[PDB]
Amino acid sequence: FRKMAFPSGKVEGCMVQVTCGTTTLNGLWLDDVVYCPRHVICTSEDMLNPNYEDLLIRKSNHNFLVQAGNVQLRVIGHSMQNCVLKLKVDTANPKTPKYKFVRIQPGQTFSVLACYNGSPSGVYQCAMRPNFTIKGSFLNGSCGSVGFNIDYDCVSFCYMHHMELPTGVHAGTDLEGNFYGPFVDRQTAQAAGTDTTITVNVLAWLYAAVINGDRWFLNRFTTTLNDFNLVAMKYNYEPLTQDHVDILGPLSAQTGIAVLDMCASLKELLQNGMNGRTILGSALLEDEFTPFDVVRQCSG
Amino acid sequence: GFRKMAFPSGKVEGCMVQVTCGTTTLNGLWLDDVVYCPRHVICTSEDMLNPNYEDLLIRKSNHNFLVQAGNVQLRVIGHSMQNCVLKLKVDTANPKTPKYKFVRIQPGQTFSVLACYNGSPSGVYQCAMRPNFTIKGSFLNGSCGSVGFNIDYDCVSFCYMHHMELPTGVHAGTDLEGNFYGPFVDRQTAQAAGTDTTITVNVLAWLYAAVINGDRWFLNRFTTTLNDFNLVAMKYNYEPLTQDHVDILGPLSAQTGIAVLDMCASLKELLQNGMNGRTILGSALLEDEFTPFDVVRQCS
Ligand SMILES: *[C@H](O)[C@H](C[C@@H]1CCNC1=O)NC(=O)[C@H](CC(C)C)NC(=O)OC[C@H]1CCC(=O)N1CC1CCCCC1
């Protein structure tokens, strides 16, 4: 059982380079529009309190250099939607996949295609943290990298990368340019709210460890949902809802371990620790596999 | 702060096809006008328990092989066997063939796996070749012929093709010349992996990573010979170092100014003395699936 990203080819064919001034980041080219973070228009000065409408009205199409590979794309118009800039170009991307823009919920996972200068460099799986950060790997120049899920032939874009926080986690927007979380695209050190652990995902993973013949942490006991949640919140774990219990059904049927029985195992682990032992390779409880993720990878 | 990060998979996605013999379907790799796949596609279940591949192959003709990209049949105009891979000459050169080569990697090296079923990619993830020549993959029925690769500049270096799952649930396969990694054979018989050891060169890369990040409590004032370190390491189930290992730690040694053999002395002390309750990069466990290349690629 492995942390698996979606194949990235459909997204790679959409990545381009966007330059304004001495700022270069990545853009997402879909049909005849390139989406990118609007802070590409900010100067060293601007970035502390950028009045974006005011800065954007002063820009001309020819101030934006867009390159796909060796070719430059002519910008013929631009608009702003929240924190994303939309550069209209004179050419349609023939590699545009079937796609939609979605806003994901905390606890949900997605694949990130990390890009630099419009060129893809790596792909990995991340989750929207309960505090709306993402624990990514992003360096200078990664802005405009996107996160996505694939269903059949449809790419659902859910994330565009904008910034790193002082703690080393990351923040960004959906493809409508609305941030996840209380963050703002100005050059300031911003802290997130307190993070918590995605409890339904930890349970999915424990079930995964059992499908793979790992069951040392199981115990003969059970718990009510509310008593489990009391203990969870004590340990800064998210509460488990009845929908979460329902979502865990398939994994429960598969292994014949009731959801609330696994909650009793997880309660024991929180109270007792792992005592040196490890689970599916990990010394820590893992919370960035969803129920769907576990199944998709025990399915094909 | 480190993630397993795969290479973008699009260039390899554009090479994946399916190969069927009778009812047995696995994946093939289409490069120029050749399709490469595991030779056991020619085996019925009865042949698998104990196959005569040379005789099974003589009985076959080009018209027994169904090669498809999607649902589009690719006509086979020739066939041959190289070690445990079948090479199917086809009448169409793959228009999406990237620049590529076939390399045989050493234990400890990491690579990206594009897991595929019926010629369609399902996921990409990073694997390390263990010293016992197995990988901890996530592979189901129908995954054979999925490949492992690295990308350098625009060149895809193919290093792995998947063939089997061992009793303990780890995975084995060949290079793209059909030579198995390790002592395994493509027969449905009882086979076991050697006892595995820790990848010393990668632990050292991880210690260099910790130093780059300012986490350097474990550095000591002493040094060692390569021979004395190797003899100590084997007593802790660590792999001895090779000269090539010393060389691929070169860039990280230069980046930090810590000679390789001084780092070895620091690792020797950790082995002999333990962590004493402390952590490195946030963990009490030493990581051994990040190569020196992985470290630089995520730090720089
Ligand atoms: C876009 O490519 C870029 C990606 C960042 C760079 C390093 N890692 C990333 O993910 N994004 C930015 O540069 C944003 C631009 C703003 C106008 C939104 N800023 C940003 O990420 O910042 C850098 C981080 C580093 C940690 C931190 O504190 N900080 C904020 C500022 C102010 C406080 C002092 C440090 C610099």
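Order of listing sets the numbers, starting from 1, for every ligand and every atom in it. Just so we're on the same page: letters track the sequence lines, and every chain starts at 1. The analysis underlying the following values was restricted to heavy atoms, covering all of them including side chains, and did not include hydrogens, waters or symmetry mates.
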Please state which option from A/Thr24, A/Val169, A/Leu139, A/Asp46 has its nearest heavy atom closest to atom 5 (C) of ligand 1.
A/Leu139
Could you say whether the N/O atoms of A/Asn140 and ligand 1 ever approach to under 3.5 Å?
no
Going from CG on A/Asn82 to CG on A/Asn178, what distance comes out if it is rounded to the nearest 0.5 angstrom?
4.0 Å
Contact between A/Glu288 and A/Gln125 at the side-chain level, heavy atoms closer than 4.5 Å - yes or no?
no
Please say whether A/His162 places an N or O atom under 3.5 Å from an N or O atom belonging to ligand 1.
yes
Are there over 12 heavy-atom neighbours, none belonging to B/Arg216, within less than 6.0 Å of that residue's CZ?
no
Flag side-chain contact, heavy atom, 4.5 Å: B/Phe111 against B/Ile135:
yes
Proximity of A/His161 to ligand 1 by residue part, where a heavy atom lies under 4.0 Å:
side chain
Run the numbers for me: atoms of ligand 1, each under 4.0 Å from some heavy atom of A/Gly141, listed by number.
2 (O)
Heavy atom to atom 8 (N) of ligand 1, shortest distance: which of A/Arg186, A/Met163, A/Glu164, A/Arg38 holds it?
A/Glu164
Excluding sequence neighbours, so at least two apart, what forms ring pair (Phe, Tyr, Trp, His ring centres under 6.0 Å) with A/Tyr35?
A/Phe101
Closest to atom 11 (N) of ligand 1 by heavy-atom distance, out of A/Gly144, A/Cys143, A/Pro37, A/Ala114, is A/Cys143
Looking at ligand 1, is there an atom of it that comes within less than 4.0 Å of some heavy atom belonging to A/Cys42?
no
Is it the case that A/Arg2 places NZ or CZ above or below the six-membered ring of B/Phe139, under 6.0 angstrom from the centre and within 45 degrees of the axis?
no
Are the side chains of A/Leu30 and A/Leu28 in contact, using a 4.5 Å heavy-atom criterion?
yes
Does ligand 1 have an atom that lies less than 4.0 angstrom from a heavy atom of A/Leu25?
no
N/O to N/O below 3.5 Å, does that happen between A/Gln187 and ligand 1?
yes
